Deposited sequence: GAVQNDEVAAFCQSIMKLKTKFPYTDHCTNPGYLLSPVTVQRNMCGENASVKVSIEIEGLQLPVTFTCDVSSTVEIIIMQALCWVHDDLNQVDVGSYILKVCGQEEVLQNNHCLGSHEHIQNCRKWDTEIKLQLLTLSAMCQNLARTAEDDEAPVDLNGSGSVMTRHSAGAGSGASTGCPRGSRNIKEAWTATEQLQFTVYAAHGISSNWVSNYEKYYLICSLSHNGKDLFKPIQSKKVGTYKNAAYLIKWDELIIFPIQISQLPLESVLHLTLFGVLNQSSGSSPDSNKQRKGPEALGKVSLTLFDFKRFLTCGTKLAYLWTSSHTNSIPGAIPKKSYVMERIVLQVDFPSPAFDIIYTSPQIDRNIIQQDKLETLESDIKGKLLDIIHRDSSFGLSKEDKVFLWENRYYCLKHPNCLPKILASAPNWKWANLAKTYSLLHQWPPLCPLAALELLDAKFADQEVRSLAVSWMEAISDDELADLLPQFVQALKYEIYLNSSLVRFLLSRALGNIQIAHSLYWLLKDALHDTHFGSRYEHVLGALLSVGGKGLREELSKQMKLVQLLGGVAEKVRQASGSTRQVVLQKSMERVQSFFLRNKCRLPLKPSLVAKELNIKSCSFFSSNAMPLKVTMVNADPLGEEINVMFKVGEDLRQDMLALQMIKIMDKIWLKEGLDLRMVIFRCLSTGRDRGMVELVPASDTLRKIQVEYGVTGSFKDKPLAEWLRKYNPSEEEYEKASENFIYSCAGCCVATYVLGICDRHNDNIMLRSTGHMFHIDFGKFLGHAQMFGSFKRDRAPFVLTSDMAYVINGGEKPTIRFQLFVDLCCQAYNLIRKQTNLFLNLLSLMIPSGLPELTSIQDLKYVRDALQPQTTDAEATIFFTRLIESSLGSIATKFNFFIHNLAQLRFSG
């Protein structure tokens, strides 16, 4: 490993040379305000603070205007002609946030702008020079110049020797194990493309060695029915150890060994594998040690230029029908063989290549040359299509290297929200240095939001017992390549987390009578933290916390007694920072739900549909702890049904008369009811496809502006009414007791949104598949994907699916449904 780690480090030094501290482009030292590209890009009021004016300039801008001309519009408000001012020196930042608007994007493209439009809040920007902008994260000269720290040959295709090895012993057995388990046995599996090449082979069952209670010795020769010549390069040996109790056999751990190392030489001699439990056991497997090294050599390059062949009508449609099929998922043995033989007819449909490689007969060394020949003349995939080619199913380095090269197309703003899936895809790279990890590190270098998100994702990946060692090295490389400025702020953030994690444990372990006092006392350590530190908020590092507002800090009076942490902004131009910190629940299930809901919002906005969706952030800092964004001026349905329940018992009125008290005027209420119609549609569609079946009045939330959203994603991909519309919901939508065209608008929005997710079925299956190895309780295998596919009714028309969802809505309405048509 020491050799692979050395070459990785020499590769990363070479990567840093492409990102000098001089280039402001890739080394800005500030976060970029995120953008999601929205169609038809309406006007807005923006408020810009200018250097030397007592009040900010407040004017109307076209949402379609680039930030560049917005900056200049703002300069025209103080300057007559702009031949005296250097406009290229100026930037716009969000007020209270170390975030810079991207010049060449529409004002309306920016996440912050469309959030302000949703809530109807003042758009407050600040105009200033690059010179004036906080750049305390930027890489220095020191950073670039600093290092990075975290005899004969026989070609394999000629090697006819049987793959065999001796499973010798495991050393360092616990006192715990000697009591429980009588004998132990290994189950040896050979795998490539995430699938077993043969039946797994079981070791003999042996106890601890005579006069040695810490050592199990098998000294057993395992022989597979395969030759080194038949081994794919990315072939992996898996050894799962089992303890048979004395007084079913029990899985104690698993090691993986790559039969070829990162230099393509076959594993030879004694190799040591470390499997963890809580404690470190050492497994010794002895490989043959011939007089000669064996090296894997790919087949010689096959140069061909294929395009006019036999064109037959009937089968041309059965190919087109398969090409245009929703996804590769569940494709029959016959459809694979048919597509495979017609693969060279599919060169004007790039995004189907994953279906072609999934329909390969095998990955035998002989047949690789003609697969490689296809790939290198194949047209570039769209980045989201190529995600599939980084999954378990495709181990081949040429396939994955191409998949990454096509991915270079993707924007930083699109990549930002896809990172969790990319981090998990590292588990399908057998080698440490790889096209993928270099892509991720390179994107983090050139963008601070990506580096920041990678840090927290990689820190969450460490806790994996099998892949913890791999992620340790990748995090190390990120932190090293990040520079001093970044590392120090990340350390500050990591400290604030541990302290808040500390306070929340202390708060919960306290009694009901003393809990409030324990919080007030426990917050002394974070009080002290801030006296010697200004710290960026981990959930949104554009927000700088200067001080803690101790009198506003509280516990939410729920199980898990979550903290409400109120913090003062280091920017007077900014607002207070309110955020939840919770301990006990694993938040990663919630993070995925929110990710999937956020990608649906992005898909809809890319086709002109805005369903006014509430998109809040959730960060898993440690195992079973993290920060959750607090949406202001919102309450659970139940709290509202309960608070109106005291005045009247009409039951149609609670939501309606709740929205009126905050939206009193006729145009104010109508808008809030419209916000509800659009937000409810998105929520209904998201509820059904993602299979969040466990919704109730404490689960559903409602913002005072009328926007509806989910919060507790306890149930996910439920399998076994999908959503529920109550009378009070129907009342707000209709605007009265009887059905209106507003309910027809609601029905159209649902069905339209539903169809736009169906056209992206493959993306949603790829995004959930890549989160299988992350070990979430409700997502362990491809069968969990089938539900979601089955919900999206593939190979049915938009018109056929509109009737299916319309009947889901009518079904949801319950007994009131009879009143509607």
Unmodelled intervals of the deposited chain, in order: 1-3, 45-48, 158-183, 281-293, 325-341, 370-372, 787-796, 898-910
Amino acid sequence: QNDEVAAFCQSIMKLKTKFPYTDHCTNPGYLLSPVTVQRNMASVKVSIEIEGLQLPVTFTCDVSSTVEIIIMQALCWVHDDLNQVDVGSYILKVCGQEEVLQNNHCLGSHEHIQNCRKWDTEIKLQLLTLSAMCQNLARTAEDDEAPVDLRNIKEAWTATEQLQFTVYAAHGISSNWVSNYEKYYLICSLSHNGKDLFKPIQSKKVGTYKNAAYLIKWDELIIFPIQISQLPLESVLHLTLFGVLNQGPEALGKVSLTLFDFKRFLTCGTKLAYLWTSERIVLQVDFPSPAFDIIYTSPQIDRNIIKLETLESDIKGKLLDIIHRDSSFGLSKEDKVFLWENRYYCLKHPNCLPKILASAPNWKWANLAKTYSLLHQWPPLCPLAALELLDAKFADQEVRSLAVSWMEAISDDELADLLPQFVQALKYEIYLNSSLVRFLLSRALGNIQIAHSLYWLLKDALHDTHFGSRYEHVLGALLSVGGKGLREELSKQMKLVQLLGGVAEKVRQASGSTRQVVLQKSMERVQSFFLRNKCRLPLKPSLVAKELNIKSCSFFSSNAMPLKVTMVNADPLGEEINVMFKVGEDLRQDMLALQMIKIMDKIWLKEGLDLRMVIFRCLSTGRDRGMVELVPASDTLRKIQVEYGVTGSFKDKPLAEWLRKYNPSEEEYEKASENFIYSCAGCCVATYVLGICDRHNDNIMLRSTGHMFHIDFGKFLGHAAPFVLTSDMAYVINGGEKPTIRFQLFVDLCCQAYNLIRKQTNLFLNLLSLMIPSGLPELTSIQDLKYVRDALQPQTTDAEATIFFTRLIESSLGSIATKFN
From here on, numbers count along this sequence of modelled residues.
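Just so we're on the same page, rigid core means the largest C-alpha set that superposes within 1.5 Å between forms.
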Stretch with larger C-alpha RMS deviation in 5 other deposited structures of this protein, core superposed, 311-319 versus 75-83: 311-319
Divergent stretch in 5 other deposited structures of this protein, 747-755 or 508-516 [C-alpha RMS, superposed by the core]: 508-516
Other entries modelling both neighbours but not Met41, at least a third: yes
Missing coords for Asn699 in a third or more of other PDB entries: no
Comparing 330-338 with 619-627, the one whose average Cα B-factor in the PDB entry is higher: 330-338
Entry-level comparison of average CA B-factors, 140-148 and 157-165, reporting the higher stretch: 140-148
From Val178, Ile201, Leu749, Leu266, residue of greatest CA B-factor: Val178
Selection from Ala273, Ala560, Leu389, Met407 [criterion: highest C-alpha temperature factor in the record]: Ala560
Third of the chain, ranked by Cα B-factor, where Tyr344 sits: highest
Entry-reported Cα temperature factor of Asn211, expressed as the chain third it lands in: highest
Third of chain Cα B-factors occupied by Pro794: highest
CA B-factor ranking of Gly645, expressed as a third of its chain: highest
Third of chain Cα B-factors occupied by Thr780: middle
